[PDB]
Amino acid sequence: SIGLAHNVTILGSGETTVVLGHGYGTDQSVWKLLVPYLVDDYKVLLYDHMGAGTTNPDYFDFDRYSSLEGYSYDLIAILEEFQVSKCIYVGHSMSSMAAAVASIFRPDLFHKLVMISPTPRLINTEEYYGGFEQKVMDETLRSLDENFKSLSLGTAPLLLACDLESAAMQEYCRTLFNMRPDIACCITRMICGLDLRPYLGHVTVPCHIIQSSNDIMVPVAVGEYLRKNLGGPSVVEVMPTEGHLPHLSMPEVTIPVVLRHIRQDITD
């Protein structure tokens, strides 16, 4: 089953289901400090996206996972298999955006989206600043495959805003380097090529946008851009954190913020 292939795990109990979707380089274990605050109040579904190192490489379709939509459609199938609807979806970056796209097709499946460090696109244009320049990205990606480890290790301390020797960095690298290298490079290229801007005005489910104050992958202005372009109601909360994975690296600040957006609706 698709749920088995995504290592679905169910916990808790409750009339409402929270779905936790890890982002790039991690797996559902990233949520281990949040879960205790949910288990008494909600049913919780956790899953691993296809290509995480905990998943079977034989199921990784390089054509489908070269664009984000494959992940969106896989998410719908997982929710359906577990008879989940009107869920509270909590995702980190690409997973939150995969859920946003999914919610256009299946708004019945989503009550709200809680989005940690989302961005609809990385590559700058004349009118949009994503943080990355096309011609630099082209150089980097040309030699990505043979440099995947050295580039990833070299950049991870700024990405995460924590020291190479820290517990958070040990944990991120454990899962990052668990991916098969060719799969990691496929997902990496997919992220780098994102342009989800055309979808945003059709997203109507409420969106709760949680950001670090300093994130090398998400210019702070992207949060406002999302509020102004999403088609439904949203809230933007910038936290006194640094790094792209503040749920991993700064849980003492981040968990309470995530909880509050899970627990408190902005509409009805």
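Take the two forms, find the largest set of C-alpha atoms that superpose within 1.5 Å, and that set is the rigid core. One rule holds for the numbers: they count along the sequence shown, beginning at 1.
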Seminar exercise, completed: Comparing 138 to 146 with 85 to 93, larger root-mean-square C-alpha distance from this form in 7 other deposited structures of this protein, core superposed, belongs to 138 to 146
For this session: Would you say which of 161 to 169 and 112 to 120 moves more relative to the shown form in 7 other deposited structures of this protein, going by RMS C-alpha distance with the core superposed?
Result: 161 to 169
Seminar exercise, completed: As the entry reports it, the stretch among 189 to 197 and 128 to 136 with higher mean C-alpha B factor is 128 to 136
Exercise. Higher mean Cα B-factor in the deposited model: 44 to 52 or 218 to 226?
Worked result: 218 to 226
For this session: Please pick out which of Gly14, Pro246, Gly21, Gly25 has the largest Cα B-factor as recorded in the entry.
Result: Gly14
For this session: Report the option among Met97, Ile88, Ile78, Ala167 whose CA atom has the maximum B-factor in the deposited record.
Result: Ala167
Seminar exercise, completed: Of the three thirds of the chain ranked by Cα temperature factor, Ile266 occupies the middle
Exercise. Mind checking which third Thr241 falls in for C-alpha B-factor across the chain?
Worked result: middle
Seminar exercise, completed: Chain-relative C-alpha B factor for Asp163 (record values, thirds): the highest
For this session: Determine, from the deposited record, the chain-internal third of the Cα B-factor for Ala5: lowest, middle or highest.
Result: middle
Seminar exercise, completed: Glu171: CA temperature factor from the record, placed by chain third, in the highest
